[PDB]
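Undergrad: Provided herewith is a single structure, encoded as structure tokens, for subsequent inquiry.
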Amino acid sequence: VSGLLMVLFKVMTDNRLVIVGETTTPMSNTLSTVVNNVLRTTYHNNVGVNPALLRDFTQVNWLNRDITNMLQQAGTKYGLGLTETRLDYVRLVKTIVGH
Amino acid sequence: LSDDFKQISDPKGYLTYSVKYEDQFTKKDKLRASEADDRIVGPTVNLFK
Amino acid sequence: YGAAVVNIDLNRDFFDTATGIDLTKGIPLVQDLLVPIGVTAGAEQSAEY
Amino acid sequence: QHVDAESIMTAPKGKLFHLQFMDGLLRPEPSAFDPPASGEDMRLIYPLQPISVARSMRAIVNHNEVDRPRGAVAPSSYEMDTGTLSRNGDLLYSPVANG
Amino acid sequence: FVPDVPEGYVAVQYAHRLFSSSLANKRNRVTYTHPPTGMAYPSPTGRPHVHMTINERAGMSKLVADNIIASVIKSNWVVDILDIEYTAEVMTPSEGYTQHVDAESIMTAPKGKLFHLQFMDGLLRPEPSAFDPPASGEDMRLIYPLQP
Amino acid sequence: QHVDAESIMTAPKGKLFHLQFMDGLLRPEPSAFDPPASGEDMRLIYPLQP
Amino acid sequence: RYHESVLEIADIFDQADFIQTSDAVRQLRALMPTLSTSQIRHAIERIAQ
């Protein structure tokens with residue numbers, strides 16, 4: 001219980017404020033197309049893991065077939081930010097951005 | 001007027017993926033594709049190896 | 001006599017390295033124009049064309 | 001680690017036991033000609049509830065005889081729906097349908 | 001010279017779903033299944049003629065790449081790798097081939113890297129001496145252009 | 001011992017070759033999950049008789 | 001049942017004062033990778049260099 005409390009506490013105080021970190025804008029030609037559809041211009045160099053990335057890369061065929069089936073469903077779509085972008089009304093420079 | 005926040009660059013989530021391997025069927029060698037694709041897909045392909 | 005081939009290349013002497021072109025293989029190749037940002041571009045990249 | 005039934009029976013309430021559990025799905029198959037082993041493996045203690053409640057995936061491995069190993073677990077579709085940021089800043093899964 | 005794909009060949013888009021592991025005569029062979037019939041062919045030998053196009057070599061595993069090439073040889077598969085981009089020096093017969101491309105390098109060169117291939121124009125090659133010894137074995141060739 | 005086809009073709013009559021032959025009935029079965037081996041075993045020479 | 005094709009503005013506008021280029025620029029652009037604004041700035045600074 002105490003554990004959960006501190007977890008709940010630590011989440012209660014996660015005052016972290018994200019700043020864009022080290023990134024990459026790979027040239028479109030260098031990316032295998034299945035990866036390229038997932039990607040959106042830039043991305044953080046600290047790509048986390050995500051199973052959607054195994055698509056057409058894992059050798060375990062049933063896994064790739066299943067993940068491909070899920071990612072081809074209309075109800076779900078994997079992506080890698082950046083996505084949303086918001087410039088200042090006056091300076092015209094980018095400010096907040098989704099990722 | 002306040003140190004209201006704590007700026008950080010590449011945020012770490014609360015959850016994560018643990019993964020136990022069956023060492024008899026796993027090759028410990030790091031796998032890779034083209035370096036561009038490996039930069040992205042790489043960490044994942046290595047976790048669910 | 002004995003000229004196995006007679007090609008029409010771009011003039012290396014005109015499109016010199018001062019222009020940043022490299023006509024050593026058949027195509028023009030200019031490094032560091034269209035490049036990935038934030039990682040070093042690979043050598044012999046097709047984008048150079 | 002092995003939990004003696006003695007301790008399971010005689011411990012004070014509030015001790016937190018640490019049961020282990022083999023997942024035998026990937027146990028190697030015996031040679032077709034090898035002579036039988038003597039002895040019988042026996043489990044004495046069991047869960048009352050499902051134990052692997054955190055199992056994202058299982059058996060990321062190929063099988064010769066069958067298209068997928070029995071009891072292999074594919075990642076959930078929700079694991080991969082990058083979704084969207086709602087204007088209110090709450091996260092949303094991708095819509096299951098238009099409208 | 002781009003060789004014509006012969007008459008009996010069946011076009012097959014490459015896909016990971018095709019090649020797979022399977023038990024086959026006490027071995028874990030990299031079986032290929034042929035979509036027109038669905039039949040499995042664990043050995044590269046004995047496979048049906050296949051004009052296998054290969055749009056992307058992305059996740060293609062080395063066992064599979066090598067197994068495909070083995071099908072190109074042992075079974076006369078004609079594979080067409082459209083992912084490749086290359087410059088092509090054209091050699092005179094006297095300068096021969098300064099470079100030497102392994103099959104593995106063509107099946108693993110990063111996408112977007114420029115390959116550099118060499119091609120003989122052996123038209124300027126003089127007739128063999130009438131008493132030059134017979135050549136018992138054959139001269140074979142695997143890499144061909146897809147375009148002029 | 002391996003008998004090169006060169007010697008099989010070019011030897012004088014009366015040489016006595018010593019062919020070997022695996023009896024593969026007791027070959028071990030591969031693990032159900034193990035990844036495929038690369039390469040193909042090939043026999044070139046065969047008996048005409050049992 | 002259609003045929004996609006480039007169509008130069010010169011074949012529709014009659015007045016030559018307001019037409020500069022041809023289909024060629026479109027072709028060469030089709031040769032280009034998708035470009036981030038940062039990448040574009042890179043190409044520009046490189047052409048300056």
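Just so we're on the same page: first chain in the structure tokens is A, next is B, and so on; residues restart at 1 for each chain, and ligands are numbered from 1 in the order they show up.
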Any idea which chain D residues end up within 12 Å of chain B if we count only C-alpha atoms, as an MDAnalysis selection string please?

TA: chainID D and resid 22:28 54:63 74:75 79

Undergrad: Please write the residues from the selection above to a file, keeping C-alpha atoms, as a tab-separated table (two decimals), in the first residue's frame.

TA:
chain	number	residue	atom	x	y	z
D	22	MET	CA	7.77	-21.67	-14.77
D	23	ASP	CA	6.21	-20.86	-18.12
D	24	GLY	CA	6.71	-24.22	-19.78
D	25	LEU	CA	5.61	-23.24	-23.27
D	26	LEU	CA	9.25	-23.07	-24.46
D	27	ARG	CA	10.52	-26.25	-22.78
D	28	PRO	CA	12.76	-28.23	-25.20
D	54	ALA	CA	1.01	-7.81	-16.92
D	55	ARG	CA	1.67	-10.01	-19.95
D	56	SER	CA	1.93	-7.78	-22.99
D	57	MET	CA	3.37	-10.56	-25.16
D	58	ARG	CA	4.28	-14.25	-25.04
D	59	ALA	CA	6.48	-16.61	-27.10
D	60	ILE	CA	8.12	-14.32	-29.63
D	61	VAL	CA	9.27	-17.46	-31.48
D	62	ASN	CA	8.57	-19.51	-34.60
D	63	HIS	CA	7.26	-23.07	-34.69
D	74	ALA	CA	0.15	-10.71	-29.46
D	75	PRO	CA	0.46	-7.07	-28.25
D	79	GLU	CA	-0.45	-0.61	-27.20

Undergrad: Residues of chain F near chain D: apply a cut-off of 9 Å, count only C-alpha atoms, and supply the list as JSON, numbers by chain.

TA: {"F": [26, 28, 29, 30, 31, 32, 33, 34, 35]}

Undergrad: Set the cut-off to 6 Å and count only C-alpha atoms: what are the residues of chain A that reach chain B? Output as JSON, numbers by chain.

TA: {"A": [15, 16, 17, 18, 19, 20, 21, 31, 49, 53]}

Undergrad: Would you list the contacts of residue 93 of chain D as a PDB file with C-alpha atoms, in the first residue's frame, taking every protein, DNA or RNA residue within 10 Å and counting only C-alpha atoms, but skipping same-chain residues closer than 4 positions in sequence?

TA:
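New file selection_4.pdb:
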ATOM      1  CA  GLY A  75      -9.441   1.684 -35.357  1.00  0.00           C
ATOM      2  CA  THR A  76      -5.699   2.081 -34.769  1.00  0.00           C
ATOM      3  CA  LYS A  77      -2.748   3.898 -36.341  1.00  0.00           C
TER       4      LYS A  77
ATOM      5  CA  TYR D  78      -4.197  -0.081 -27.737  1.00  0.00           C
ATOM      6  CA  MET D  80       0.043   0.914 -30.623  1.00  0.00           C
ATOM      7  CA  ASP D  81      -2.703   3.544 -31.260  1.00  0.00           C
ATOM      8  CA  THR D  82      -0.677   6.726 -31.056  1.00  0.00           C
ATOM      9  CA  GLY D  83      -4.039   8.467 -31.170  1.00  0.00           C
ATOM     10  CA  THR D  84      -4.171  12.249 -30.864  1.00  0.00           C
ATOM     11  CA  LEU D  85      -4.003  15.183 -28.521  1.00  0.00           C
ATOM     12  CA  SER D  86      -7.501  16.539 -27.992  1.00  0.00           C
TER      13      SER D  86
END

Undergrad: Residues at most 12 Å from residue 18 of chain F, counting only C-alpha atoms, excluding those fewer than 3 positions away in the same chain, as a list in words?

TA: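 The residues that qualify are residues 1, 2, 3, 4, 7, 8, 15, 21, 45 and 47 of chain F.
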
Undergrad: Could you pull out the helix (DSSP H, G or I) residues of chain E, going by DSSP on the backbone, and write them as a PyMOL selection string?

TA: chain E and resi 62-74+93-95+103-106+122-124

Undergrad: Take the residues that were just selected and, keeping N, CA, C and O atoms, output them as a PDB file, in the first residue's frame.

TA:
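Just written: selection-v8.pdb:
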ATOM      1  N   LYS E  62      18.779 -12.637 -43.264  1.00  0.00           N
ATOM      2  CA  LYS E  62      19.892 -13.160 -44.038  1.00  0.00           C
ATOM      3  C   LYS E  62      19.628 -14.584 -44.493  1.00  0.00           C
ATOM      4  O   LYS E  62      20.058 -14.975 -45.578  1.00  0.00           O
ATOM      5  N   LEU E  63      18.910 -15.360 -43.681  1.00  0.00           N
ATOM      6  CA  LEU E  63      18.596 -16.732 -44.069  1.00  0.00           C
ATOM      7  C   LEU E  63      17.703 -16.693 -45.285  1.00  0.00           C
ATOM      8  O   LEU E  63      17.815 -17.527 -46.177  1.00  0.00           O
ATOM      9  N   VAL E  64      16.834 -15.692 -45.330  1.00  0.00           N
ATOM     10  CA  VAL E  64      15.867 -15.595 -46.404  1.00  0.00           C
ATOM     11  C   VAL E  64      16.507 -15.034 -47.649  1.00  0.00           C
ATOM     12  O   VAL E  64      16.262 -15.523 -48.744  1.00  0.00           O
ATOM     13  N   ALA E  65      17.336 -14.011 -47.484  1.00  0.00           N
ATOM     14  CA  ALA E  65      18.010 -13.411 -48.624  1.00  0.00           C
ATOM     15  C   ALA E  65      18.858 -14.478 -49.288  1.00  0.00           C
ATOM     16  O   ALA E  65      18.754 -14.729 -50.497  1.00  0.00           O
ATOM     17  N   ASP E  66      19.662 -15.146 -48.470  1.00  0.00           N
ATOM     18  CA  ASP E  66      20.523 -16.198 -48.964  1.00  0.00           C
ATOM     19  C   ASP E  66      19.706 -17.328 -49.586  1.00  0.00           C
ATOM     20  O   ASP E  66      20.092 -17.864 -50.617  1.00  0.00           O
ATOM     21  N   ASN E  67      18.564 -17.662 -48.988  1.00  0.00           N
ATOM     22  CA  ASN E  67      17.711 -18.725 -49.527  1.00  0.00           C
ATOM     23  C   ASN E  67      17.086 -18.373 -50.875  1.00  0.00           C
ATOM     24  O   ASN E  67      16.843 -19.236 -51.723  1.00  0.00           O
ATOM     25  N   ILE E  68      16.825 -17.090 -51.060  1.00  0.00           N
ATOM     26  CA  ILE E  68      16.304 -16.587 -52.308  1.00  0.00           C
ATOM     27  C   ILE E  68      17.389 -16.739 -53.349  1.00  0.00           C
ATOM     28  O   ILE E  68      17.141 -17.281 -54.419  1.00  0.00           O
ATOM     29  N   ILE E  69      18.601 -16.289 -53.023  1.00  0.00           N
ATOM     30  CA  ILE E  69      19.703 -16.356 -53.980  1.00  0.00           C
ATOM     31  C   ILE E  69      19.978 -17.803 -54.358  1.00  0.00           C
ATOM     32  O   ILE E  69      20.216 -18.139 -55.528  1.00  0.00           O
ATOM     33  N   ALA E  70      19.879 -18.672 -53.365  1.00  0.00           N
ATOM     34  CA  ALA E  70      20.038 -20.091 -53.605  1.00  0.00           C
ATOM     35  C   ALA E  70      18.930 -20.583 -54.513  1.00  0.00           C
ATOM     36  O   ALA E  70      19.123 -21.525 -55.269  1.00  0.00           O
ATOM     37  N   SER E  71      17.757 -19.968 -54.432  1.00  0.00           N
ATOM     38  CA  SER E  71      16.706 -20.348 -55.360  1.00  0.00           C
ATOM     39  C   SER E  71      16.992 -19.843 -56.768  1.00  0.00           C
ATOM     40  O   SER E  71      16.609 -20.480 -57.748  1.00  0.00           O
ATOM     41  N   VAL E  72      17.686 -18.710 -56.858  1.00  0.00           N
ATOM     42  CA  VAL E  72      18.078 -18.132 -58.138  1.00  0.00           C
ATOM     43  C   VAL E  72      19.034 -19.062 -58.844  1.00  0.00           C
ATOM     44  O   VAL E  72      19.012 -19.180 -60.071  1.00  0.00           O
ATOM     45  N   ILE E  73      19.874 -19.735 -58.065  1.00  0.00           N
ATOM     46  CA  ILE E  73      20.858 -20.624 -58.668  1.00  0.00           C
ATOM     47  C   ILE E  73      20.302 -22.015 -58.854  1.00  0.00           C
ATOM     48  O   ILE E  73      20.120 -22.480 -59.977  1.00  0.00           O
ATOM     49  N   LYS E  74      20.022 -22.676 -57.745  1.00  0.00           N
ATOM     50  CA  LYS E  74      19.555 -24.058 -57.774  1.00  0.00           C
ATOM     51  C   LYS E  74      18.206 -24.230 -58.482  1.00  0.00           C
ATOM     52  O   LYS E  74      17.940 -25.290 -59.057  1.00  0.00           O
ATOM     53  N   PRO E  93      36.698  -4.687 -72.354  1.00  0.00           N
ATOM     54  CA  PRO E  93      37.144  -6.020 -71.926  1.00  0.00           C
ATOM     55  C   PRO E  93      38.560  -6.029 -71.344  1.00  0.00           C
ATOM     56  O   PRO E  93      38.825  -6.823 -70.447  1.00  0.00           O
ATOM     57  N   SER E  94      39.443  -5.163 -71.832  1.00  0.00           N
ATOM     58  CA  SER E  94      40.804  -5.116 -71.309  1.00  0.00           C
ATOM     59  C   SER E  94      40.904  -4.693 -69.838  1.00  0.00           C
ATOM     60  O   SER E  94      41.761  -5.193 -69.113  1.00  0.00           O
ATOM     61  N   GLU E  95      40.038  -3.786 -69.387  1.00  0.00           N
ATOM     62  CA  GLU E  95      40.101  -3.363 -67.984  1.00  0.00           C
ATOM     63  C   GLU E  95      39.346  -4.291 -67.035  1.00  0.00           C
ATOM     64  O   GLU E  95      39.478  -4.170 -65.817  1.00  0.00           O
ATOM     65  N   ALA E 103      26.869 -11.468 -53.465  1.00  0.00           N
ATOM     66  CA  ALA E 103      25.407 -11.457 -53.475  1.00  0.00           C
ATOM     67  C   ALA E 103      24.883 -10.789 -52.206  1.00  0.00           C
ATOM     68  O   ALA E 103      23.888 -10.036 -52.223  1.00  0.00           O
ATOM     69  N   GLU E 104      25.598 -11.038 -51.114  1.00  0.00           N
ATOM     70  CA  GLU E 104      25.193 -10.562 -49.808  1.00  0.00           C
ATOM     71  C   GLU E 104      25.179  -9.045 -49.783  1.00  0.00           C
ATOM     72  O   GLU E 104      24.302  -8.444 -49.169  1.00  0.00           O
ATOM     73  N   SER E 105      26.134  -8.424 -50.467  1.00  0.00           N
ATOM     74  CA  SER E 105      26.196  -6.964 -50.486  1.00  0.00           C
ATOM     75  C   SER E 105      25.032  -6.340 -51.246  1.00  0.00           C
ATOM     76  O   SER E 105      24.543  -5.282 -50.864  1.00  0.00           O
ATOM     77  N   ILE E 106      24.582  -6.990 -52.314  1.00  0.00           N
ATOM     78  CA  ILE E 106      23.413  -6.495 -53.035  1.00  0.00           C
ATOM     79  C   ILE E 106      22.123  -6.740 -52.255  1.00  0.00           C
ATOM     80  O   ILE E 106      21.122  -6.057 -52.477  1.00  0.00           O
ATOM     81  N   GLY E 122      31.817  -6.304 -74.043  1.00  0.00           N
ATOM     82  CA  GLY E 122      32.791  -7.270 -74.508  1.00  0.00           C
ATOM     83  C   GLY E 122      32.782  -7.396 -76.011  1.00  0.00           C
ATOM     84  O   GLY E 122      33.316  -8.356 -76.563  1.00  0.00           O
ATOM     85  N   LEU E 123      32.143  -6.436 -76.675  1.00  0.00           N
ATOM     86  CA  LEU E 123      32.087  -6.429 -78.131  1.00  0.00           C
ATOM     87  C   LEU E 123      33.479  -6.314 -78.768  1.00  0.00           C
ATOM     88  O   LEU E 123      33.752  -6.914 -79.807  1.00  0.00           O
ATOM     89  N   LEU E 124      34.371  -5.577 -78.121  1.00  0.00           N
ATOM     90  CA  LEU E 124      35.732  -5.437 -78.618  1.00  0.00           C
ATOM     91  C   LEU E 124      36.650  -6.571 -78.145  1.00  0.00           C
ATOM     92  O   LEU E 124      37.798  -6.339 -77.752  1.00  0.00           O
TER      93      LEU E 124
END
